[PDB]
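Shown next as structure tokens: one chain only, the form deposited in one PDB entry.
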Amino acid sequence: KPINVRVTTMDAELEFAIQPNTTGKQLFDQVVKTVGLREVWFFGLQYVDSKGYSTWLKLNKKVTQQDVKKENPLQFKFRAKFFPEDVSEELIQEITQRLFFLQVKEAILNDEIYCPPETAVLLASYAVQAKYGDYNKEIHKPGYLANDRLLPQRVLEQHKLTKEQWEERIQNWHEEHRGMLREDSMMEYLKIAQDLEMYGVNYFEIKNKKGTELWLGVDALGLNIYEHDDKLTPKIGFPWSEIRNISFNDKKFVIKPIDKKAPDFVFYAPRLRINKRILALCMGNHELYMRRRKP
């Protein structure tokens, strides 16, 4: 008895039917095969459980054995779970560059990743070059960007310019990108976005031994602790190279530093589900970190 499933990438909707004992890995492989993605190590499948919680699909476990929200077809989102240390030397395929571009641009536009107004304009500039191609005074007449969402709401609200005025600045940059290929435009966007403080960071609310509210940041290079009201600059950093090991006991999270002097660091997460999520991102990120070196 086949099981109907739907998988959506940033710009595509895929329809599959799997058997009862299909594993996440088998579903995953069918997805990347369909869109011709070979740079698969960054991606994963997101689903919603019966309790309405977003979760990443375990690839080693059967799809049917993971409490995916009951429905026909089952619904999954194909998304990048991990980010490259540098897009330039890691994303070679157009499909991959496109998926990261679209996912990152969505997060920037939704104010997910903080972005200075000036940078938002430059970023929008590459997105327009990617979408419209070379600026052509004959076809791209004033107002040609009126129907495009190009800047995050936060930017629009801090600077009271009219849409026309924003478009004017965006257009001036657009004109300067003539000759830039669609794929190259997307990569330029990413090269800029990847230098943003909040780019590629998974934040989790935690508390330290003093009960102070903080954020745990997990990214490609290790872990960071942020003060509750500042997610841009780490309060303290824990690069992989300074980490002996990492473990969690239910809600307790401990970071044993390689160093002799430096003592251990304990942090508390609200739910065990959170700690499991953190450990998983820590494992995956570190793994990719080491592949960039030895494997």
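What we label the rigid core is the largest C-alpha set whose atoms superpose within 1.5 Å from one form to the other. Numbering starts at 1 and runs along the sequence shown.
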{"property": "Mean C-alpha B-factor comparison - 65-73 and 29-37, higher one", "result": "65-73"}
{"property": "Greater mean Cα temperature factor according to the PDB record, 43-51 or 258-266", "result": "258-266"}
{"property": "Top residue by Cα temperature factor, when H140, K81, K191, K131 are compared in the entry", "result": "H140"}
{"property": "Highest-ranked of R169, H177, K209, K105 once sorted by CA temperature factor in the record", "result": "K209"}
{"property": "Entry-reported Cα temperature factor of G284, expressed as the chain third it lands in", "result": "lowest"}
{"property": "Relative C-alpha B-factor of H159, binned into the chain's lowest, middle or highest third", "result": "highest"}
{"property": "Third of the chain, ranked by Cα B-factor, where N147 sits", "result": "highest"}
{"property": "B-factor third for the C-alpha atom of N136 within its chain", "result": "highest"}
{"property": "Chain third (lowest, middle, highest) by recorded CA B-factor, residue given as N21", "result": "highest"}
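Here the subject shifts to the form solved in complex with a partner chain, a form of this protein not shown in this document.
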{"item": "Heavy atom distance at most 4.5 Å to its partner chain in the deposited bound form, all of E227, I236 and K256", "value": "yes"}
{"item": "Position in contact with its partner chain when the complex is considered in the deposited bound form, options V128, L214, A120, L91, heavy atoms within 4.5 Å", "value": "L214"}
{"item": "The single option of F267, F43, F28, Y47 touching its partner chain in the deposited bound form, heavy atom within 4.5 Å", "value": "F267"}
{"item": "In the deposited bound form, segment of 130-138, 204-212, 161-169, 109-117 with a heavy atom within 4.5 Å of its partner chain", "value": "204-212"}
{"item": "Its partner chain contact in the deposited bound form: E176, any heavy atom under 4.5 Å", "value": "no"}
{"item": "Heavy atom of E242 within 4.5 Å of its partner chain in the deposited bound form", "value": "yes"}
{"item": "Exercise: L59 in contact with its partner chain in the deposited bound form, heavy atom 4.5 Å", "value": "no"}
{"item": "Distance check, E197 to its partner chain in the deposited bound form, heavy atom within 4.5 Å", "value": "yes"}
{"item": "Core-superposed comparison between this form and the one not shown: the option from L59, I236, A262, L37 whose CA moves 2 angstroms or more", "value": "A262"}
{"item": "Change in CA distance between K260 and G284 in the deposited bound form, which is 3 Å or more, as closer or farther", "value": "closer"}
{"item": "Cα-Cα shift for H286 and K260, closer or farther in the deposited bound form, minimum 3 Å", "value": "closer"}
